[PDB]
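Novice: Below is the file query.cif, with mmCIF, N, CA and C atoms.
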```
data_model
#
loop_
_atom_site.label_atom_id
_atom_site.label_comp_id
_atom_site.auth_asym_id
_atom_site.auth_seq_id
_atom_site.Cartn_x
_atom_site.Cartn_y
_atom_site.Cartn_z
N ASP E 409 -76.66 30.89 -26.36
CA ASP E 409 -76.12 31.81 -25.38
C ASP E 409 -76.98 32.17 -24.23
N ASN E 410 -78.26 31.95 -24.31
CA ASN E 410 -79.18 32.34 -23.29
C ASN E 410 -79.16 31.36 -22.17
N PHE E 411 -78.68 30.14 -22.35
CA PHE E 411 -78.81 29.14 -21.31
C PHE E 411 -77.55 28.83 -20.65
N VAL E 412 -77.59 28.75 -19.34
CA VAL E 412 -76.45 28.47 -18.57
C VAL E 412 -76.82 27.34 -17.69
N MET E 413 -75.90 26.48 -17.31
CA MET E 413 -76.17 25.46 -16.33
C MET E 413 -75.72 25.87 -14.94
N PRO E 414 -76.60 26.48 -14.13
CA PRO E 414 -76.07 26.84 -12.84
C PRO E 414 -75.58 25.64 -12.04
N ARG E 415 -74.29 25.49 -11.74
CA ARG E 415 -73.78 24.40 -10.91
C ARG E 415 -73.85 24.65 -9.45
N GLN E 416 -72.91 24.19 -8.63
CA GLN E 416 -72.89 24.28 -7.16
C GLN E 416 -72.16 23.05 -6.62
N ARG E 417 -72.32 21.88 -7.21
CA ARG E 417 -71.53 20.70 -6.83
C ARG E 417 -71.41 19.88 -8.07
N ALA E 418 -70.34 19.16 -8.26
CA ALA E 418 -70.26 18.29 -9.38
C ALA E 418 -70.15 16.84 -8.98
N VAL E 419 -70.72 15.97 -9.81
CA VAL E 419 -70.84 14.57 -9.45
C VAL E 419 -69.95 14.09 -8.35
N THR E 420 -70.50 14.01 -7.16
CA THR E 420 -69.69 13.58 -6.07
C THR E 420 -70.06 12.17 -5.73
N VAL E 421 -69.12 11.25 -5.81
CA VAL E 421 -69.39 9.90 -5.45
C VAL E 421 -68.92 9.77 -4.05
N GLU E 422 -69.80 9.37 -3.14
CA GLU E 422 -69.40 9.16 -1.77
C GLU E 422 -69.74 7.77 -1.34
N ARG E 423 -68.79 7.07 -0.77
CA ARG E 423 -68.99 5.70 -0.41
C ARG E 423 -69.02 5.62 1.05
N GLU E 424 -70.02 4.97 1.60
CA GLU E 424 -70.05 4.78 3.02
C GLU E 424 -70.10 3.33 3.23
N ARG E 425 -69.24 2.81 4.05
CA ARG E 425 -69.31 1.42 4.37
C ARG E 425 -70.47 1.36 5.26
N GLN E 426 -71.34 0.39 5.08
CA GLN E 426 -72.52 0.35 5.86
C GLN E 426 -72.40 -1.00 6.38
N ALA E 427 -71.52 -1.19 7.33
CA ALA E 427 -71.39 -2.47 7.93
C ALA E 427 -72.61 -2.72 8.70
N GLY E 428 -72.88 -3.97 8.95
CA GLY E 428 -74.11 -4.32 9.62
C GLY E 428 -75.01 -4.77 8.53
N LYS E 429 -74.69 -4.41 7.31
CA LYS E 429 -75.43 -4.88 6.20
C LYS E 429 -74.30 -5.44 5.39
N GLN E 430 -73.07 -5.28 5.85
CA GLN E 430 -71.86 -5.79 5.19
C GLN E 430 -71.85 -5.31 3.81
N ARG E 431 -72.24 -4.08 3.60
CA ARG E 431 -72.38 -3.58 2.27
C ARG E 431 -71.56 -2.36 2.14
N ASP E 432 -71.24 -1.98 0.93
CA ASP E 432 -70.53 -0.75 0.72
C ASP E 432 -71.54 0.00 -0.03
N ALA E 433 -71.80 1.23 0.32
CA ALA E 433 -72.86 1.97 -0.30
C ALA E 433 -72.29 3.12 -1.01
N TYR E 434 -72.59 3.29 -2.28
CA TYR E 434 -71.98 4.34 -3.02
C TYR E 434 -73.08 5.27 -3.39
N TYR E 435 -72.92 6.56 -3.14
CA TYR E 435 -73.95 7.52 -3.43
C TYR E 435 -73.41 8.64 -4.24
N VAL E 436 -74.04 8.96 -5.35
CA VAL E 436 -73.54 9.99 -6.23
C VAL E 436 -74.57 11.07 -6.31
N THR E 437 -74.19 12.33 -6.14
CA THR E 437 -75.11 13.43 -6.15
C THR E 437 -74.57 14.58 -6.95
N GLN E 438 -75.41 15.38 -7.57
CA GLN E 438 -75.00 16.48 -8.41
C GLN E 438 -76.07 17.50 -8.31
N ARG E 439 -75.80 18.79 -8.40
CA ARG E 439 -76.91 19.74 -8.38
C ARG E 439 -76.90 20.70 -9.53
N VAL E 440 -77.59 20.41 -10.61
CA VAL E 440 -77.49 21.22 -11.77
C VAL E 440 -78.81 21.51 -12.38
N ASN E 441 -79.01 22.67 -13.00
CA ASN E 441 -80.29 23.05 -13.59
C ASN E 441 -80.03 23.79 -14.86
N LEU E 442 -80.94 23.86 -15.83
CA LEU E 442 -80.67 24.44 -17.14
C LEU E 442 -80.85 25.88 -17.30
N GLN E 443 -81.83 26.47 -16.65
CA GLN E 443 -82.04 27.90 -16.67
C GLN E 443 -82.01 28.67 -17.98
N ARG E 444 -82.33 29.93 -17.97
CA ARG E 444 -82.24 30.68 -19.19
C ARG E 444 -82.10 32.06 -18.69
N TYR E 445 -81.25 32.86 -19.31
CA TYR E 445 -81.01 34.15 -18.77
C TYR E 445 -82.28 34.92 -18.98
N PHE E 446 -82.88 34.88 -20.15
CA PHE E 446 -84.04 35.70 -20.43
C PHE E 446 -85.07 34.78 -20.94
N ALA E 447 -86.32 35.19 -20.95
CA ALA E 447 -87.40 34.31 -21.31
C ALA E 447 -87.36 33.73 -22.69
N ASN E 448 -86.94 34.50 -23.66
CA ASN E 448 -86.93 34.05 -25.03
C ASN E 448 -85.81 33.18 -25.39
N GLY E 449 -85.92 32.52 -26.51
CA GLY E 449 -84.82 31.73 -26.99
C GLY E 449 -84.98 30.33 -27.46
N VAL E 450 -86.13 29.71 -27.33
CA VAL E 450 -86.33 28.38 -27.86
C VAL E 450 -87.58 28.29 -28.66
N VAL E 451 -87.60 27.52 -29.72
CA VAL E 451 -88.82 27.28 -30.44
C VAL E 451 -88.83 25.79 -30.53
N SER E 452 -89.94 25.12 -30.36
CA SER E 452 -89.97 23.72 -30.52
C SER E 452 -90.97 23.45 -31.55
N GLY E 453 -90.90 22.31 -32.20
CA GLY E 453 -91.80 22.05 -33.28
C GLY E 453 -92.64 20.95 -32.75
N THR E 454 -93.85 20.82 -33.20
CA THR E 454 -94.66 19.73 -32.78
C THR E 454 -95.36 19.04 -33.90
N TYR E 455 -95.61 17.77 -33.75
CA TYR E 455 -96.32 17.04 -34.74
C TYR E 455 -97.70 17.59 -34.57
N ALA E 456 -98.58 17.51 -35.55
CA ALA E 456 -99.84 18.18 -35.42
C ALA E 456 -100.86 17.39 -34.73
N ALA E 457 -101.59 18.03 -33.84
CA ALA E 457 -102.62 17.36 -33.07
C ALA E 457 -103.45 16.38 -33.84
N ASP M 409 -73.00 23.20 50.42
CA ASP M 409 -72.10 22.08 50.63
C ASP M 409 -72.66 20.71 50.51
N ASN M 410 -73.96 20.57 50.59
CA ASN M 410 -74.59 19.29 50.57
C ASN M 410 -74.69 18.77 49.18
N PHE M 411 -74.59 19.60 48.15
CA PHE M 411 -74.85 19.13 46.81
C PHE M 411 -73.65 19.01 45.99
N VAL M 412 -73.54 17.92 45.28
CA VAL M 412 -72.42 17.68 44.45
C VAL M 412 -72.96 17.33 43.13
N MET M 413 -72.27 17.62 42.04
CA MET M 413 -72.68 17.18 40.73
C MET M 413 -71.95 15.92 40.31
N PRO M 414 -72.51 14.73 40.58
CA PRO M 414 -71.74 13.60 40.15
C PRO M 414 -71.50 13.58 38.65
N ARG M 415 -70.26 13.71 38.15
CA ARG M 415 -69.97 13.62 36.71
C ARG M 415 -69.77 12.23 36.21
N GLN M 416 -68.89 11.98 35.25
CA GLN M 416 -68.65 10.68 34.59
C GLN M 416 -68.23 10.95 33.15
N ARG M 417 -68.77 11.95 32.47
CA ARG M 417 -68.29 12.35 31.15
C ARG M 417 -68.57 13.81 31.05
N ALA M 418 -67.77 14.57 30.34
CA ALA M 418 -68.08 15.95 30.15
C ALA M 418 -68.32 16.29 28.70
N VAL M 419 -68.99 17.39 28.41
CA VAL M 419 -69.34 17.72 27.04
C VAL M 419 -68.25 17.48 25.99
N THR M 420 -68.47 16.60 25.01
CA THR M 420 -67.52 16.21 24.00
C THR M 420 -68.26 16.28 22.70
N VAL M 421 -67.55 16.44 21.61
CA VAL M 421 -68.25 16.60 20.39
C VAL M 421 -67.73 15.56 19.47
N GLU M 422 -68.59 14.86 18.77
CA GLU M 422 -68.12 13.90 17.84
C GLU M 422 -68.79 14.10 16.55
N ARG M 423 -68.02 14.35 15.49
CA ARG M 423 -68.57 14.59 14.18
C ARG M 423 -68.47 13.31 13.46
N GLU M 424 -69.51 12.90 12.77
CA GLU M 424 -69.48 11.63 12.12
C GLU M 424 -69.93 11.81 10.73
N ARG M 425 -69.03 12.03 9.79
CA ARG M 425 -69.50 12.28 8.47
C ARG M 425 -70.23 11.08 8.05
N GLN M 426 -71.48 11.28 7.69
CA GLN M 426 -72.32 10.22 7.26
C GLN M 426 -72.50 10.37 5.81
N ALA M 427 -71.53 9.95 5.04
CA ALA M 427 -71.68 9.99 3.61
C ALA M 427 -72.70 8.98 3.27
N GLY M 428 -73.35 9.16 2.15
CA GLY M 428 -74.37 8.26 1.73
C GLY M 428 -75.61 8.95 2.12
N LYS M 429 -75.50 9.93 3.00
CA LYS M 429 -76.64 10.73 3.31
C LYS M 429 -76.14 12.13 3.14
N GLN M 430 -74.85 12.27 2.92
CA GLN M 430 -74.25 13.58 2.77
C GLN M 430 -74.52 14.57 3.89
N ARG M 431 -74.39 14.14 5.14
CA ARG M 431 -74.60 14.99 6.27
C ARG M 431 -73.41 14.81 7.07
N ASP M 432 -73.17 15.67 8.02
CA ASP M 432 -72.07 15.51 8.91
C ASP M 432 -72.79 15.73 10.17
N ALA M 433 -72.75 14.79 11.08
CA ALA M 433 -73.53 14.86 12.25
C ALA M 433 -72.68 15.18 13.40
N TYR M 434 -73.07 16.13 14.22
CA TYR M 434 -72.33 16.40 15.40
C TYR M 434 -73.15 15.89 16.52
N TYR M 435 -72.63 14.93 17.26
CA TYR M 435 -73.37 14.33 18.31
C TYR M 435 -72.61 14.79 19.47
N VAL M 436 -73.18 15.63 20.28
CA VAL M 436 -72.55 16.02 21.53
C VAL M 436 -73.24 15.44 22.67
N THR M 437 -72.55 14.61 23.42
CA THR M 437 -73.12 13.98 24.62
C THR M 437 -72.47 14.29 25.97
N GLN M 438 -73.22 14.18 27.07
CA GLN M 438 -72.71 14.54 28.40
C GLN M 438 -73.49 13.79 29.48
N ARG M 439 -72.83 13.39 30.58
CA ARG M 439 -73.48 12.67 31.68
C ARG M 439 -73.34 13.19 33.13
N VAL M 440 -74.36 13.83 33.72
CA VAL M 440 -74.25 14.42 35.06
C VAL M 440 -75.52 14.55 35.86
N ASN M 441 -75.46 14.58 37.18
CA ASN M 441 -76.66 14.63 38.02
C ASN M 441 -76.42 15.64 39.11
N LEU M 442 -77.43 16.03 39.88
CA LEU M 442 -77.22 16.91 41.02
C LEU M 442 -77.73 16.13 42.17
N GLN M 443 -76.88 15.80 43.11
CA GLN M 443 -77.35 14.99 44.19
C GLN M 443 -76.84 15.56 45.46
N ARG M 444 -77.55 15.35 46.54
CA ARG M 444 -77.18 15.90 47.80
C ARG M 444 -76.56 14.80 48.62
N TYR M 445 -75.54 15.12 49.41
CA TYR M 445 -75.00 14.11 50.27
C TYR M 445 -76.06 13.66 51.25
N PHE M 446 -76.78 14.58 51.87
CA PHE M 446 -77.77 14.22 52.88
C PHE M 446 -79.04 14.92 52.50
N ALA M 447 -80.19 14.43 52.92
CA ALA M 447 -81.44 15.02 52.45
C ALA M 447 -81.69 16.49 52.77
N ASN M 448 -81.17 16.99 53.86
CA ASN M 448 -81.44 18.35 54.21
C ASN M 448 -80.78 19.34 53.34
N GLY M 449 -81.28 20.56 53.30
CA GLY M 449 -80.58 21.58 52.58
C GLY M 449 -81.28 22.46 51.59
N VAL M 450 -82.51 22.19 51.21
CA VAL M 450 -83.18 23.10 50.33
C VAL M 450 -84.47 23.58 50.89
N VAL M 451 -84.76 24.87 50.80
CA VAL M 451 -86.06 25.36 51.19
C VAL M 451 -86.53 26.04 49.98
N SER M 452 -87.74 25.80 49.54
CA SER M 452 -88.23 26.54 48.41
C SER M 452 -89.37 27.41 48.85
N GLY M 453 -89.56 28.55 48.21
CA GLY M 453 -90.59 29.47 48.64
C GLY M 453 -91.60 29.46 47.55
N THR M 454 -92.87 29.45 47.87
CA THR M 454 -93.87 29.31 46.84
C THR M 454 -94.91 30.36 46.82
N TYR M 455 -95.37 30.71 45.65
CA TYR M 455 -96.46 31.64 45.58
C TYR M 455 -97.65 30.88 46.11
N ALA M 456 -98.58 31.54 46.77
CA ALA M 456 -99.69 30.83 47.38
C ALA M 456 -100.75 30.39 46.43
N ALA M 457 -101.48 29.35 46.80
CA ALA M 457 -102.57 28.88 45.97
C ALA M 457 -103.88 29.41 46.50
#
```
Please express the file's structure as C-alpha cells.
Specialist:
Amino acid sequence: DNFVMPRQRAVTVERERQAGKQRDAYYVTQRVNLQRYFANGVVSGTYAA
Amino acid sequence: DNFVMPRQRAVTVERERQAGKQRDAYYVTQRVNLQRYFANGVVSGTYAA
C-alpha cells in the first residue's frame, strides 16, 4: 500500500516517417516511477558478505 | 515617402509535429526589408565624440 506508480503518460508509440532515410521510425515513450508514500515499508534480504 | 518596406511573405506560423522527438515545432517565418526609393531622406543626430 505504500507504493504508488506516479504516471503522467502511458506507452505512447509515435511513428514518424523519416523519409530521406526511407525509414519509418517508431518511438515509444512512457513516464513512470515507483515512489513510496512514506519512507518505511520494504525489507530486503541479502546473502551474507 | 521615400521609404517602402518591400514585402514578399508575411508572418505565418507552421507547426510541425515532430514525432520521434515528441516535440511540436512552431516555425514562424517572414521576409521584408526597408528600402528607400532614392538615397535622400534621413538625417541622424549624434551625441558627440
Novice: Spell out the residues picked by the PyMOL selection byres ((chain E) within 6 of (chain M)) here, as an MDAnalysis selection string.
Specialist: chainID E and resid 422:424 435
Novice: Could you list, as number ranges by chain, every residue within 7 Å of residue M:437, counting all atoms listed in the file and ignoring same-chain residues fewer than 3 positions away?
Specialist: M: 417-422
Novice: Can you turn the PyMOL selection byres ((chain M and resi 415) around 8) into a concrete residue list for this file, as a VMD selection string?
Specialist: chain M and resid 412 to 414 416 to 418 438 to 442
Novice: Name the residues of chain M that come out as strand (DSSP E) in a backbone DSSP run; write them as a PyMOL selection string.
Specialist: chain M and resi 411-412+417-426+431-439+443-444
Novice: Which value, in Å to one decimal, gives the distance between atom CA of residue M:434 and atom N of residue E:436?
Specialist: 22.1 Å
Novice: May I have chain M as an mmCIF file with N, CA and C atoms, keeping the file's coordinate frame, after a least-squares superposition on chain E that uses all C-alpha atoms paired in order?
Specialist:
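Here's the written file superposed10.cif:
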```cif
data_model
loop_
_atom_site.group_PDB
_atom_site.id
_atom_site.type_symbol
_atom_site.label_atom_id
_atom_site.label_comp_id
_atom_site.auth_asym_id
_atom_site.auth_seq_id
_atom_site.Cartn_x
_atom_site.Cartn_y
_atom_site.Cartn_z
ATOM 1 N N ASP M 409 -76.785 31.146 -26.365
ATOM 2 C CA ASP M 409 -76.249 32.064 -25.375
ATOM 3 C C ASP M 409 -77.113 32.416 -24.220
ATOM 4 N N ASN M 410 -78.399 32.196 -24.326
ATOM 5 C CA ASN M 410 -79.323 32.575 -23.307
ATOM 6 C C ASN M 410 -79.318 31.589 -22.193
ATOM 7 N N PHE M 411 -78.837 30.368 -22.388
ATOM 8 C CA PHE M 411 -78.980 29.360 -21.364
ATOM 9 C C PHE M 411 -77.731 29.035 -20.686
ATOM 10 N N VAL M 412 -77.785 28.939 -19.385
ATOM 11 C CA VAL M 412 -76.641 28.638 -18.610
ATOM 12 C C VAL M 412 -77.023 27.518 -17.741
ATOM 13 N N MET M 413 -76.109 26.643 -17.356
ATOM 14 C CA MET M 413 -76.391 25.607 -16.395
ATOM 15 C C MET M 413 -75.948 26.002 -15.001
ATOM 16 N N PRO M 414 -76.831 26.608 -14.191
ATOM 17 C CA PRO M 414 -76.314 26.948 -12.898
ATOM 18 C C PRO M 414 -75.839 25.738 -12.111
ATOM 19 N N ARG M 415 -74.541 25.588 -11.798
ATOM 20 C CA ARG M 415 -74.046 24.474 -10.973
ATOM 21 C C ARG M 415 -74.127 24.715 -9.505
ATOM 22 N N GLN M 416 -73.192 24.242 -8.692
ATOM 23 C CA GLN M 416 -73.185 24.317 -7.216
ATOM 24 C C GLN M 416 -72.474 23.079 -6.682
ATOM 25 N N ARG M 417 -72.619 21.910 -7.287
ATOM 26 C CA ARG M 417 -71.838 20.733 -6.914
ATOM 27 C C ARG M 417 -71.714 19.926 -8.161
ATOM 28 N N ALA M 418 -70.639 19.198 -8.351
ATOM 29 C CA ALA M 418 -70.549 18.342 -9.489
ATOM 30 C C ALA M 418 -70.447 16.887 -9.105
ATOM 31 N N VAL M 419 -70.755 15.971 -10.005
ATOM 32 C CA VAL M 419 -70.774 14.559 -9.668
ATOM 33 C C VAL M 419 -69.621 14.061 -8.790
ATOM 34 N N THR M 420 -69.891 13.553 -7.585
ATOM 35 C CA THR M 420 -68.917 13.118 -6.617
ATOM 36 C C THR M 420 -69.385 11.775 -6.147
ATOM 37 N N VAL M 421 -68.485 10.964 -5.648
ATOM 38 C CA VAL M 421 -68.906 9.660 -5.289
ATOM 39 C C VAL M 421 -68.522 9.474 -3.869
ATOM 40 N N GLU M 422 -69.402 8.953 -3.048
ATOM 41 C CA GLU M 422 -69.044 8.709 -1.699
ATOM 42 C C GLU M 422 -69.414 7.336 -1.336
ATOM 43 N N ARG M 423 -68.439 6.527 -0.920
ATOM 44 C CA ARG M 423 -68.681 5.152 -0.564
ATOM 45 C C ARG M 423 -68.792 5.129 0.904
ATOM 46 N N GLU M 424 -69.771 4.440 1.444
ATOM 47 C CA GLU M 424 -69.958 4.453 2.859
ATOM 48 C C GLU M 424 -70.107 3.064 3.321
ATOM 49 N N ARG M 425 -69.036 2.405 3.722
ATOM 50 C CA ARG M 425 -69.198 1.039 4.086
ATOM 51 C C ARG M 425 -70.129 1.013 5.218
ATOM 52 N N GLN M 426 -71.208 0.280 5.042
ATOM 53 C CA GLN M 426 -72.206 0.154 6.043
ATOM 54 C C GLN M 426 -72.096 -1.201 6.599
ATOM 55 N N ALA M 427 -71.150 -1.412 7.477
ATOM 56 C CA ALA M 427 -71.043 -2.693 8.122
ATOM 57 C C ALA M 427 -72.215 -2.813 9.009
ATOM 58 N N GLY M 428 -72.600 -4.026 9.310
ATOM 59 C CA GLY M 428 -73.730 -4.262 10.142
ATOM 60 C C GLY M 428 -74.800 -4.568 9.179
ATOM 61 N N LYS M 429 -74.592 -4.219 7.921
ATOM 62 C CA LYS M 429 -75.525 -4.615 6.916
ATOM 63 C C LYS M 429 -74.663 -5.245 5.868
ATOM 64 N N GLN M 430 -73.362 -5.147 6.042
ATOM 65 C CA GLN M 430 -72.430 -5.693 5.076
ATOM 66 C C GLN M 430 -72.622 -5.246 3.637
ATOM 67 N N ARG M 431 -72.819 -3.951 3.413
ATOM 68 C CA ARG M 431 -72.991 -3.417 2.098
ATOM 69 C C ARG M 431 -72.038 -2.333 2.033
ATOM 70 N N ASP M 432 -71.750 -1.836 0.863
ATOM 71 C CA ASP M 432 -70.893 -0.707 0.723
ATOM 72 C C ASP M 432 -71.734 0.079 -0.188
ATOM 73 N N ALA M 433 -72.089 1.284 0.180
ATOM 74 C CA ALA M 433 -73.010 2.044 -0.566
ATOM 75 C C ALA M 433 -72.312 3.115 -1.282
ATOM 76 N N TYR M 434 -72.578 3.291 -2.557
ATOM 77 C CA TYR M 434 -72.003 4.380 -3.260
ATOM 78 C C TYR M 434 -73.102 5.343 -3.489
ATOM 79 N N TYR M 435 -72.977 6.541 -2.952
ATOM 80 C CA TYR M 435 -74.011 7.505 -3.057
ATOM 81 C C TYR M 435 -73.365 8.498 -3.911
ATOM 82 N N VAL M 436 -73.829 8.666 -5.113
ATOM 83 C CA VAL M 436 -73.339 9.732 -5.970
ATOM 84 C C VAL M 436 -74.336 10.778 -6.129
ATOM 85 N N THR M 437 -74.017 11.973 -5.684
ATOM 86 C CA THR M 437 -74.922 13.124 -5.813
ATOM 87 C C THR M 437 -74.451 14.317 -6.647
ATOM 88 N N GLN M 438 -75.378 15.104 -7.200
ATOM 89 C CA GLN M 438 -75.024 16.220 -8.087
ATOM 90 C C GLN M 438 -76.140 17.265 -8.085
ATOM 91 N N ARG M 439 -75.798 18.561 -8.184
ATOM 92 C CA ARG M 439 -76.786 19.645 -8.198
ATOM 93 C C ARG M 439 -76.763 20.693 -9.336
ATOM 94 N N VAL M 440 -77.670 20.640 -10.322
ATOM 95 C CA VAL M 440 -77.639 21.554 -11.470
ATOM 96 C C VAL M 440 -78.950 21.839 -12.158
ATOM 97 N N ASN M 441 -79.107 22.971 -12.822
ATOM 98 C CA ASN M 441 -80.377 23.343 -13.450
ATOM 99 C C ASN M 441 -80.074 23.894 -14.817
ATOM 100 N N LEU M 442 -81.065 24.107 -15.676
ATOM 101 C CA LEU M 442 -80.831 24.750 -16.961
ATOM 102 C C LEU M 442 -81.710 25.941 -16.927
ATOM 103 N N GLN M 443 -81.143 27.120 -16.982
ATOM 104 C CA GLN M 443 -81.979 28.276 -16.882
ATOM 105 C C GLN M 443 -81.561 29.247 -17.921
ATOM 106 N N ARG M 444 -82.472 30.072 -18.373
ATOM 107 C CA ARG M 444 -82.190 31.007 -19.409
ATOM 108 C C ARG M 444 -82.019 32.362 -18.776
ATOM 109 N N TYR M 445 -81.099 33.171 -19.291
ATOM 110 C CA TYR M 445 -80.988 34.499 -18.766
ATOM 111 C C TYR M 445 -82.276 35.250 -19.013
ATOM 112 N N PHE M 446 -82.831 35.180 -20.212
ATOM 113 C CA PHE M 446 -84.035 35.936 -20.540
ATOM 114 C C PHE M 446 -85.001 34.959 -21.139
ATOM 115 N N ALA M 447 -86.292 35.224 -21.090
ATOM 116 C CA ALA M 447 -87.252 34.224 -21.547
ATOM 117 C C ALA M 447 -87.168 33.780 -23.003
ATOM 118 N N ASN M 448 -86.728 34.632 -23.892
ATOM 119 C CA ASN M 448 -86.697 34.257 -25.272
ATOM 120 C C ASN M 448 -85.669 33.253 -25.601
ATOM 121 N N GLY M 449 -85.826 32.544 -26.703
ATOM 122 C CA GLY M 449 -84.778 31.666 -27.126
ATOM 123 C C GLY M 449 -85.053 30.241 -27.498
ATOM 124 N N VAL M 450 -86.230 29.704 -27.257
ATOM 125 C CA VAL M 450 -86.487 28.368 -27.705
ATOM 126 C C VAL M 450 -87.686 28.286 -28.578
ATOM 127 N N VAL M 451 -87.618 27.561 -29.685
ATOM 128 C CA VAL M 451 -88.795 27.327 -30.485
ATOM 129 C C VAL M 451 -88.866 25.864 -30.545
ATOM 130 N N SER M 452 -90.005 25.268 -30.297
ATOM 131 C CA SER M 452 -90.093 23.842 -30.450
ATOM 132 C C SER M 452 -91.030 23.526 -31.579
ATOM 133 N N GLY M 453 -90.811 22.423 -32.272
ATOM 134 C CA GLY M 453 -91.629 22.106 -33.423
ATOM 135 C C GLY M 453 -92.410 20.906 -33.026
ATOM 136 N N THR M 454 -93.676 20.841 -33.357
ATOM 137 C CA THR M 454 -94.490 19.753 -32.877
ATOM 138 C C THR M 454 -95.209 18.991 -33.920
ATOM 139 N N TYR M 455 -95.361 17.711 -33.713
ATOM 140 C CA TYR M 455 -96.149 16.946 -34.636
ATOM 141 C C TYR M 455 -97.565 17.414 -34.414
ATOM 142 N N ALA M 456 -98.393 17.436 -35.439
ATOM 143 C CA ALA M 456 -99.733 17.973 -35.288
ATOM 144 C C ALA M 456 -100.696 17.069 -34.597
ATOM 145 N N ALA M 457 -101.719 17.648 -33.990
ATOM 146 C CA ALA M 457 -102.737 16.852 -33.337
ATOM 147 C C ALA M 457 -103.938 16.718 -34.241
#
```
